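Taking the form deposited in one PDB entry, here's one chain by itself in structure tokens.
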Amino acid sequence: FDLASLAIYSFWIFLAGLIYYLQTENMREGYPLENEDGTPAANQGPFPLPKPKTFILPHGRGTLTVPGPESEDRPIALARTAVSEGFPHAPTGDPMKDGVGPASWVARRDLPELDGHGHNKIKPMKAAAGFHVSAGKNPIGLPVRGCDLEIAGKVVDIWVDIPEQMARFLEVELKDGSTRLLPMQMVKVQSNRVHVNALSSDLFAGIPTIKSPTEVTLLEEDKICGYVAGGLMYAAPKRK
């Protein structure tokens, strides 16, 4: 029972407690577990639910307490394919429009994210005094091409994360005059075009629109990004 033996035994005890604490802290979202019908599941595991904590959100946006009564706060157009649990749920309609699967979006607050001063974090570059393209290819003016090698529109602006100084969306003007936002992480700026492999030229119009030409809400961002990523699975039939 020398001091080294006690030190290492103590540490293993301390580490077990640490793991228990880390795991409970990681159960503040998505718990308690549900059955596939939404009811609470009988087996929740050995770790209990953590006790509620409160974040005070800045800019008077209220407070968040987690854990708390969870809610999708939106309809889910899916149906069971098996009486037993563990099987996929199939879309009942159009999954890209119904926002399910890889096209899923979360009902976030219908407000724009704000920077440390209370201003919109993301703005079109035409409304961002001083911002410009400093390196790489400037996509403004370039044609936008879909996975069907057809042109859907042209880039008319860039929406910028001002605190980070980072391009986050391309604003693309469609053949009908309207515009849509395209995540920067899903496009491929080339010399003579912008290529989007996730969508076909005739699926750009289906991207969710924003209600203000100079700001985008967190809900709008989730609908836009989810739709585009969903195209990888759901637009593949016409992908050359």
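Residues carry their position along the shown sequence, with the first being 1. What we label the rigid core is the largest C-alpha set whose atoms superpose within 1.5 Å from one form to the other.
- 22-30 and 208-216 differ in mean CA B-factor, and the higher of the two is recorded for 208-216.
- Looking at mean Cα B-factors across 136-144 and 104-112, the upper value is held by 136-144.
- The maximum CA B-factor among the listed residues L149, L170, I76, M96, taken from the PDB record, is found at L149.
- Ranked by Cα temperature factor within the chain, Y227 sits in the lowest third according to the deposited record.
- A42: CA B factor lies in the highest third for its chain, per the PDB record.
- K175 sits in the highest third of its chain by CA B factor, as recorded in the PDB entry.
- Split the chain's modelled residues into thirds by C-alpha temperature factor. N35 is in the middle one.
- The PDB entry assigns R193 a C-alpha temperature factor belonging to the highest third of its chain's modelled residues.
The same protein also exists as the form deposited in another entry; that form is not shown, yet it is the one meant from here on.
- For the listed set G177, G45, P52, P58, the sole C-alpha moving 2 Å or more between the shown form and the other one on a rigid core superposition is that of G45.
- Annotation for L15: C-alpha shift under 2 angstroms between the shown form and the other one, rigid core superposed.
- With the core held fixed, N192 shows a CA shift below 2 Å between the shown form and the other one.
- Superposed on the core, the two forms barely differ at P213: its CA moves less than 2 Å between the shown form and the other one.
- Whereas the displayed form keeps them at a certain spacing, the CA atoms of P32 and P102 lie at least 3 angstroms closer in that other deposited form.
- Note: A90-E34 Cα separation is 3 Å or more longer in that other deposited form than here.
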